[PDB]
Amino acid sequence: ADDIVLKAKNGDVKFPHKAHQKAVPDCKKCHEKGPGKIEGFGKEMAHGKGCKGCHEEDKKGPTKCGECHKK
């Protein structure tokens, strides 16, 4: 399957799956979550444990605005 882009108004956010599969071999960090996770995602989650928060805890991955968001 293809990578996906979240169409944030301030700039597209690419989600590169390959890098994540490699860097986060614990797949259950994202997969086999209970229902509601597709509906649940949004800005709050992205800037929290959904994207940015994990990068901050793991000490790797983009944590600056222009590193995630790119026109």
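Note that residue numbering follows the sequence shown and begins at 1.
Ranked by C-alpha B-factor against the other modelled residues of its chain, residue 1 falls in the highest third.
Remark: residue 31 belongs to the lowest third of its chain, ranked by C-alpha B-factor as recorded.
Among the modelled residues of its chain, residue 70 has a C-alpha B-factor that falls in the highest third, as given in the PDB entry. Split the chain's modelled residues into thirds by C-alpha temperature factor. Residue 52 is in the lowest one. Ranked against the other modelled residues of its chain, the C-alpha B-factor of residue 20 as given in the entry falls in the lowest third.
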